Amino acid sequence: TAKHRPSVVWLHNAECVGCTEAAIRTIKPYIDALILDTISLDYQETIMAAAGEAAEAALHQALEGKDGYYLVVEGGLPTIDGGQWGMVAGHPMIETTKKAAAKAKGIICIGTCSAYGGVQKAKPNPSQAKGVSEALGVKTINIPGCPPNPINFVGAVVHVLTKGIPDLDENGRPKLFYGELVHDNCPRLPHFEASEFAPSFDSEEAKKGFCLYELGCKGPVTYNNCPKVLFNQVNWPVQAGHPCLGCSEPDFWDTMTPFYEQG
C-alpha cells in the first residue's frame, strides 16, 4: 500500500544531545519501529544521512511538505548578538526555529533546555539563552527533565498524533507523566516520614537506604515519574543512593542549587 506517516522535524539548538539520546532508548516501540511505521522523521542532525546544503534542503522540503509537520525542538535558544552565538547553515538558531514553528501542527519541547532554557540559561546566562515558548512567543508542549524519560517523550508524540494535545499543567507538561511529585512515589518515603535521613553518603544511614532529603533531595518539589517508570528498565537516581536534582523543573539550575543542600 503506502500509508502516509506524519512528518516530524527535529531541531537541535543549544543542547547537549542528551534528549536525542534519551529518545532513542524507547522500547515501546523501539526507535527503528517508530521511524519506519509511525512517523516520518524528516530532519534530525544527529542521525540523518544528508549533510550541509543537502541537509538544509531536506529541512526546507520537510517545512514545505503538502501535509504539514510536527516540530520537535531540543535545546534552548541563544539570543545574544542577534542570535549569532548559535548557528546552523549560517543562520541564527532563533531564526530557523522561528521559521519552522510558524507552520508546525504542534511544537514539542524535548528536555528542560527547549522547554524552559536549561543549562545555558543558568546565571549569569552569558548567551542570553531562552526557552522556545519565550523566545518565539508560542505555546509549546513541554517534555522536561535533563533529559526526560523516553516514555514521556514518545508517549507525548504518539498522544499528539493519535488523540490530540494532552492535558498540560501550569508549566506546559503533560499531566499524564508530570502530574505527580517524585517524592510521593519514592520507596524511601517511609524513611522521610519517620525522619530517617542519611547525614552523609558514607554513613551507615546511607548504606541502609535512608531518605536523602538532608543531602539535598529535591523529590518533594519535583514533578516527574522517575520512581514509577524508572530509567532503562532498571534504575533511578535515588535507587542509586543519589538525591534528585529536580531536573524537570524550569530553571532548576538556579532554583535547586546548591544541589546537596535545601537552603
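Numbering starts at 1 and runs along the sequence shown.
The PDB entry reports B-factors from which the mean C-alpha value can be compared for 17-25 and 243-251; the larger average falls on 243-251. Looking at 80-88 and 182-190 together, the entry lists the larger mean B-factor for 182-190, computed on C-alpha atoms. If you compare the C-alpha temperature factors of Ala102, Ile94, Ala115, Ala122 in the entry, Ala102 comes out highest. When the Cα B-factors of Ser200, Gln44, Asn235, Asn224 are read from the PDB record, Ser200 comes out highest.
Placement of the Cα temperature factor of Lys130 within the chain: lowest third of the modelled residues, per the deposited record. Sort the modelled residues of the chain by CA B factor and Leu34 lands in the middle third. Among all modelled residues in its chain, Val229 ranks in the middle third by Cα B-factor. Annotation for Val154: C-alpha temperature factor in the middle third relative to the rest of the modelled chain, per the entry. In the deposited entry, the Cα temperature factor of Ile107 sits in the middle third of values across the chain's modelled residues.
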